[PDB]
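One structure is given below, encoded as structure tokens.
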Amino acid sequence: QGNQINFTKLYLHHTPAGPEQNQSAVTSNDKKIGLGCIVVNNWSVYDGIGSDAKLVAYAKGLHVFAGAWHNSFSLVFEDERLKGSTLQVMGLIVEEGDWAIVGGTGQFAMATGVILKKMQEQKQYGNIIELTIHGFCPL
Amino acid sequence: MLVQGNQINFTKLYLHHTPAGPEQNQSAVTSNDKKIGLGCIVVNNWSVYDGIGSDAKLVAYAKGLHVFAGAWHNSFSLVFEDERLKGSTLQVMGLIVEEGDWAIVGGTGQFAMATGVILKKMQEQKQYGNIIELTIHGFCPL
Amino acid sequence: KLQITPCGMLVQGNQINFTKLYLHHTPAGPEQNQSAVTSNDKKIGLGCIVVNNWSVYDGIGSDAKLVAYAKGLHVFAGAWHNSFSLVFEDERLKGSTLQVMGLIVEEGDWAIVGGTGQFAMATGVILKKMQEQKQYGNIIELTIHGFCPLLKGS
Ligand SMILES: [Ca+2]
Ligand SMILES: [Cl-]
Ligand SMILES: [Cl-]
Ligand SMILES: [Cl-]
Ligand SMILES: [Cl-]
Ligand SMILES: [Cl-]
């Protein structure tokens with residue numbers, strides 16, 4: 017009938033360059049049209065900032081540049097409490113704005129909600145994005 | 014039990030699907046495999062207008078991709094441009110570009126957690142593209 | 006025109022009741038039904054995109070009637086992430102689709118993220134169980150659990 021979501025703040029490592037690069041462009045923009053670059057991403061997601069943070073999930077999917085980045089990815093949890101579960105995520109922009117939680121699996125079967133993105137830290141080779149998960153699942 | 018929300022009905026939107034020509038608004042970045050007959054991937058930034066006439070205002074973009082798997086499977090963000098609806102999106106997924114239906118699989122902003130369908134009907138067939146009438150039927154929980 | 010109308014929704018309004026389906030995942034051979042169209046980046050270990058038109062049957066015998074196709078793509082980002090339309094063939098179910106998205110082709114689970122026609126607003130999951138491994142592909146058993154909500158109020 018309704019159960020909300022019990023997360024703290026997550027921090028996604030969006031790293032396009034450097035020796036820890038976790039995404040790759042597989043097509044280029046059409047120069048005439050101004051779109052078409054497709055990037056495939058395996059973004060690590062941590063439970064905090066700093067060397068003591070634990071990796072709790074990966075964001076595995078793709079984003080395509082259609083004048084802005086459209087995303088589709090599986091948020092696959094690795095921490096023991098949620099291992100076996102995913103949230104399915106889709107929407108616009110990587111580093112700010114919102115994404116939609118369009119479904120899920122495991123403990124998140126039938127999840128619906130949103131993920132709010134805020135810039136947390138800009139590093140040399142990438143950035144860290146604060147994720148705030150709001151949503152619910154039916155019981 | 015029940016989830017309080019708002020049913021959302023949006024009529025008379027017109028999507029400009031323009032594969033070619035000076036107003037081309039999508040690009041194929043892969044080709045169909047010769048032997049299997051599938052594989053073309055097209056990235057699209059389709060404009061969506063509030064009317065068919067000369068005075069129609071652009072009110073959204075459909076930003077995403079579609080892939081040819083014997084028919085075209087679509088995944089995109091319908092991003093609204095009205096300073097009113099600014100930022101808010103509907104997340105759209107499904108088969109066929111010019112006819113049939115798409116699923117509304119989620120949303121953001123004023124359309125957070127949207128669920129529903131988009132109905133497509135071709136309105137005008139032109140030399141380099143077509144105009145597709147869209148009808149949105151959706152529900153957003155509060 | 007944008008019409009915003011107060012309404013109620015019951016999620017368990019209409020359960021999606023199917024029998025078991027059987028998906029044919031065939032990467033090679035004379036019945037190959039998918040193609041890889043981008044390459045993995047060797048430096049990063051990800052990037053390959055495959056476009057698929059998987060056939061789906063209602064049984065494992067020769068008299069199994071094809072009832073659907075799974076039309077979409079999967080992308081390798083350390084694991085295969087899937088996005089496809091499940092397009093049904095039979096009359097009454099003609100035109101109707103389930104929208105499916107999630108990780109892994111042959112095991113685990115997928116989300117039902119939406120639908121059209123009779124499956125408008127579908128929500129749920131598809132469980133995958135390996136059913137048979139053949140020379141050019143495998144057959145995957147599909148178990149559908151989900152609901153279509155009914156709207157009320159207004
Ligand atoms: Ca959904
Ligand atoms: Cl990026
Ligand atoms: Cl963007
Ligand atoms: Cl082609
Ligand atoms: Cl089509
Ligand atoms: Cl996999």
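Protein chains in written order, with PDB author numbering: chain C, 17 to 155; chain A, 14 to 155; chain B, 6 to 159.
Ideal placement from N, C-alpha and C gives every residue a C-beta, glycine not left out.
For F124 of chain A, there is no enclosing beta strand (DSSP E), since its DSSP letter is neither H nor E. Residue-level contact check: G77 of chain A touches chain C, since one or more beta carbons of chain C fall below 8 Å from its beta carbon.
Ranked by Cα distance from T121 of chain C, the options C:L147, C:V110, C:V92 are led by C:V92.
When Cβ-Cβ separations below 8 Å define contact, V130 of chain A makes no contact with chain C. Residues of chain A with a Cβ closer than 8 Å to the Cβ of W115 of chain C are, in chain order, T121. Taking the Cβ of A116 of chain A as the reference point, every heavy atom of ligand 4 lies at 7 Å or farther away. For the region 16-33 of chain B, the residues whose beta carbon sits under 9 Å from a beta carbon of chain C are, in order, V16, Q17. When C-alpha distances from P154 of chain C are compared across C:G119, C:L147, C:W115, C:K133, the shortest belongs to C:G119. As a beta-bridge residue in DSSP terms, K76 of chain B pairs with B:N58, B:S90. Contact with chain C is found for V56 of chain A, since one of that chain's Cβ atoms lies less than 8 Å from the residue's Cβ. With 16 or more neighbouring CB atoms inside 10 Å of its own CB, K76 of chain A falls in the buried class. In chain order, the residues that have a beta carbon nearer than 6 Å to some heavy atom of ligand 2 are C:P32, C:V55, C:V110.
Counting only residues of its own chain and dropping the five nearest sequence neighbours on each side, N38 of chain A has a CB closer than 6 Å to the CB of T31, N58, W59.
For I145 of chain B, the secondary structure class from DSSP, reduced to helix, strand or coil, is strand.
By the Cβ rule, the region 78-90 of chain C counts as touching the region 61-81 of chain A, because three or more pairs are nearer than 8 Å. Counting of Cβ neighbours within 10 angstroms places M14 of chain A among the exposed residues, the total staying below 16. Secondary-structure assignment with DSSP links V105 of chain C through a beta bridge to C:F89, C:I117. Following the DSSP letters along the chain, one finds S40 of chain C inside the beta strand (DSSP E) bounded by residues 39-41. In chain order, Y27, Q136, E137, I144 place their CB closer than 8 Å to the CB of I65 of chain B, counting only its own chain and leaving out the 5 sequence neighbours on each side. A distance criterion of 7 Å places the beta-carbon of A84 of chain B in contact range of ligand 6, judged by its closest non-hydrogen atom. In this structure, the alpha-carbon of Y74 of chain B lies about 18 Å from that of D114 of chain B.
In the structure shown, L51 of chain C falls within a strand segment according to DSSP collapsed to helix, strand and coil. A127 of chain B and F23 of chain B have their C-alpha atoms some 13 Å from each other. Relative to ligand 4, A41 of chain B has its C-beta separated by 7 Å or more from all heavy atoms.
Checking the DSSP bridge columns, you'll see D46 of chain B partnered with B:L51.
Taking 7 Å as the cut-off, the C-beta of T24 of chain C does not count as close to any heavy atom of ligand 1.
At a threshold of 7 Å, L108 of chain C counts as near ligand 3, since its beta carbon sits closer than that to one of the ligand's heavy atoms. When Cβ-Cβ separations below 8 Å define contact, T43 of chain C makes contact with chain A.
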